[PDB]
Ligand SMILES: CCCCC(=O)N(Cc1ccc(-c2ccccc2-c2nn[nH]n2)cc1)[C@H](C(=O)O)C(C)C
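One chain is shown next in structure tokens, namely the form deposited without the named molecule.
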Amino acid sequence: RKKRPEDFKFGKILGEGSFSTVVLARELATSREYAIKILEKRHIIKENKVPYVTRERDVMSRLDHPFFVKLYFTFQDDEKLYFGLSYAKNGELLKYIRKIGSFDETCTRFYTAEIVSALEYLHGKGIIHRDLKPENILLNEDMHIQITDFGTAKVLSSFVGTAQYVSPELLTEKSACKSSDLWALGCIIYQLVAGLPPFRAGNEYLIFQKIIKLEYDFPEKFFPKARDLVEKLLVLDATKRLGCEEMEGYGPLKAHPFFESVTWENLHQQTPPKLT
């Protein structure tokens, strides 16, 4: 039953990294399109990433939700590992933010709700993403979200993500929790409304300085209820963020006035609002 590289017609490179390359492929027997993540075994071993790649596959194997990438199959030849992932036709959320400038209230609410629902599922399995950002949140043909890149995920019973979305506790205690993803969520909501992430500076050190000082400003147009939500997620104390266990979880987060009109139970059945 195991698949081979010969079973596929590979196409364009979708993304390139230091440890992997994601290529679009059409399976010959089925005509199905997959995003195949290809990882060179020598380079993984040389840079000591075996625990990272192993955990990545293990985390993706446990994912069974429409708002997350699916691992359909794995195989290997002499040089490379292949992970067969779901293909998200419409690409990164980041593309759409830069294209339309900034989302309106209807679109901000719907896509934020999808991210919250995704995170609720994810954190309910005791998994932290640790690198949540618009480029890691993809969009399928139906324009629903698909969160990918679990190469730096943490399974709860050491890394530092992307600078602009890094939480203060990671800069202070080197520790990561579920609340770290929720901080990232707050940056993402801000970015959807404002067009740019909240903490911006000339270099990483200067960005990290702004994070620990909570040095950011809202534009005047910023949706009042969206602002209130962001202010309750961008909190230096990870214990005081909406959604976290110490704040009694996802109930209160989902009950926030910004989500008033949201039907939480069937988001992926709903038709997404058009991005204008």
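Quick note: we count residues from 1 along the sequence shown, nothing fancier.
Compared against other deposited entries of this protein, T172 counts as consistently modelled, with coordinates in all of those that resolve the residues around it and thus below the third mark. Residue-level annotation: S157 lacks coordinates in a third or more of the other entries compared, counting only those that model residues on either side of it. Two stretches are in play, 214-222 and 25-33, and the higher mean C-alpha B-factor belongs to 214-222. In this entry, 40-48 has the higher mean Cα B-factor, the comparison being between 64-72 and 40-48.
Across the options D131, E169, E114, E135, the residue with the most elevated CA B-factor in the record is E169.
By the numbers in the PDB entry, the CA B factor is greatest at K174 among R109, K174, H123, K89. The deposited CA B-factor of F159 belongs to the highest third of values across its chain. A255 sits in the lowest third of its chain by CA B factor, as recorded in the PDB entry.
Residue-level temperature factors show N140 in the middle third of its chain, judged at the C-alpha atom. When the modelled residues of the chain are ordered by their C-alpha B factor, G151 lands in the middle third. Residue-level temperature factors show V193 in the lowest third of its chain, judged at the C-alpha atom.
The form solved in complex with the named molecule exists for this protein as well; it is not shown, and the discussion that follows is about that form.
The partner is absent here; in the entry with it bound, the one residue of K225, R26, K41, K232 having a heavy atom within 4.5 Å of the named molecule is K41. Partner contacts here mean any heavy atom within 4.5 Å of the named molecule in the entry with it bound, and among 232-240, 213-221, 246-254, 51-59 they occur only in 51-59. Looking at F75, you'd find a heavy atom of it within 4.5 angstroms of the named molecule in the entry with it bound. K274 falls outside the set of residues with a heavy atom inside 4.5 Å of the named molecule in the entry with it bound. Contact annotation for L171: none of its heavy atoms lies within 4.5 Å of the named molecule in the entry with it bound.
In the entry with it bound, the named molecule stays beyond 4.5 Å of every heavy atom belonging to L206.
If you take 80-102 and check each residue for a heavy atom within 4.5 Å of the named molecule in the entry with it bound, you get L81, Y82, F83, in sequence order.
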